[PDB]
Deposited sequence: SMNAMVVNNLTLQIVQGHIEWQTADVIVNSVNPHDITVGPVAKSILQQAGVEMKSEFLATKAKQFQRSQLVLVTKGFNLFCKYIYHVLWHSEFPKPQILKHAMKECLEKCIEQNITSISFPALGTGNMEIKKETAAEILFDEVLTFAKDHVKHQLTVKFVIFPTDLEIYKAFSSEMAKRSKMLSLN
């Protein structure tokens, strides 16, 4: 099935793999803002990035939002964008607004590649198809509003999350057909 598409200066890719083993300018984490040590993506990123990443997260948080930015530390990225799942807001709203914020931050920081997990999936509030719709909506809106910005956006799906992979790939194929 489809795993990559180009929309003007934006390249969209779906990859089966480990988010924490990516090389990209930015890797996106997904956390409970009060405790970054739980959840499959968060635990993987924290293990790979190392203890100094948690220290910087905590220090930055104490100085203070939907995205908190740290260095990559032992990840092969320059920055980590930590999406903060604040408990008091509806999850679909957080997903949409955090995606928009991440993509704008890419322009702010001269980012050429950003790798996301299957953001917004694996909870009880958002259907996988809904998460895919939201994410693709925001990436395509971004491309329409910032046509000049060259960016590779990759969604990295855990290799055994086959249903999630199918949902993202189906959404890609639909978007590609709409655009052709």
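- Taken in order along the deposited sequence, the stretches absent from the coordinates are 65-68, 185-186.
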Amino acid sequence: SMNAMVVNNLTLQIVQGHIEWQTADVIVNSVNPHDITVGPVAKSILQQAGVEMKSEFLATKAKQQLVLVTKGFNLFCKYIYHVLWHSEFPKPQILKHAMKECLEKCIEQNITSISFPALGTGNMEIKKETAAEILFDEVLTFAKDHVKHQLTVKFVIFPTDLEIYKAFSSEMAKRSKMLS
From here on, numbers count along this sequence of modelled residues.
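- Of the other compared PDB entries of this protein that include residues on both sides, all give residue 113 atoms, none of them, and so not a third, leaving it without.
- Per the records, residue 130 is modelled in every other compared entry, just as the shown structure includes it, so no third of them leave it out.
- Between the stretches 3-11 and 171-179, it is 171-179 that shows the larger average CA temperature factor.
- Between 106-114 and 82-90, it is 82-90 that carries the larger average Cα temperature factor according to the deposited entry.
- Highest C-alpha temperature factor among 33, 50, 40, 122, as the PDB entry reports it: 122.
- Within the group 44, 65, 150, 29, the record's highest C-alpha temperature factor is found at 65.
- Ranked against the other modelled residues of its chain, the C-alpha B-factor of residue 160 as given in the entry falls in the highest third.
- Among the modelled residues of its chain, residue 146 has a C-alpha B-factor that falls in the middle third according to the deposited record.
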